[PDB]
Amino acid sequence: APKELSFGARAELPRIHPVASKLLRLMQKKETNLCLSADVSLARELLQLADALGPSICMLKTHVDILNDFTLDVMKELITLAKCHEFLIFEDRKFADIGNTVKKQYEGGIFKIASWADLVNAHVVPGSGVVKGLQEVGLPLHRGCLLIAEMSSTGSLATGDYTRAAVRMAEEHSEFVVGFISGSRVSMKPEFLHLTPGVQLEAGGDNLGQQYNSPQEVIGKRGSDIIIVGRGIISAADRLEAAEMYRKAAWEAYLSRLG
């Protein structure tokens, strides 16, 4: 690798994207590189965790299509907490169709994602058309995309030349693409953000192919910026204490990589 810059230094890079830069500054302001994967089926419970975990997090990740009681005002209440506790909103929609379709799924329908989500992700299997169709909606609204360069699940096919291609598609769309979902550092340009799912303190998995690694491994050894943690916190008796442990473990793992 080359010489590691800090998040603050990174937020000021000439080729940096506005969304990433906003994120990075808050990562250094609050000493949090923890993304809370808020996997819940009630609007109310998503708002309760956002309000309480907010000070501990640099991002909130949502699957909005798991909410039973989704209304746009629930996203208006969630922007409030995001504006106030300071975190980005990341809708984990994983766009994966052709340009023309993804474009309408991003702007329209019942979810109106592009009107409240700073960040979305897209798979790269369709070719760059997915990104091109997304950028027509997201740019006008000052948004970024993350491109799924690798996956944490067993038997995942995002490896090899697949991964190299996500990275390419990202460079060539730097004006919209702000980084990656991956398991390690996949790009050498520091203007790109790395976010890693499949993270738990203790070694393990689930019964449907999720593989877990630890914050130290993911941030220290592998190069990630940020960790996405779901059940590792959400399941806990004390979700605040859980969030804090993951905060401190990831933060310190980053400090240690820096010098």
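The first residue of the sequence shown is number 1, and the count goes up from there.
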Discussion item. Please compare 143 to 151 with 185 to 193 and say which has the higher mean C-alpha temperature factor in the record.
Written reply: 185 to 193
Practice prompt. State which stretch shows the higher mean Cα B factor in the entry: 73 to 81 or 129 to 137.
Written response: 73 to 81
Worksheet item: Taking the Cα B-factors listed in the entry, which of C35, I233, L208, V218 comes out highest?
Response: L208
Worksheet, complete the sentence: Entry-reported C-alpha B-factor of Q48 relative to its chain, by third, is highest
Item to complete: Taking the chain's C-alpha temperature factors as the reference, tell me which third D65 falls into: lowest, middle or highest.
Response: middle
Discussion item. Ranking every modelled residue in this chain by its Cα temperature factor as given in the entry, which third contains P55?
Written reply: middle
Worksheet item: Should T101 be placed in the lowest, middle or highest third of its chain by the C-alpha B factor in the entry?
Response: lowest
Practice prompt. Could you look up the Cα B-factor of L24 in the entry and say which third of the chain it sits in: lowest, middle or highest?
Written response: lowest
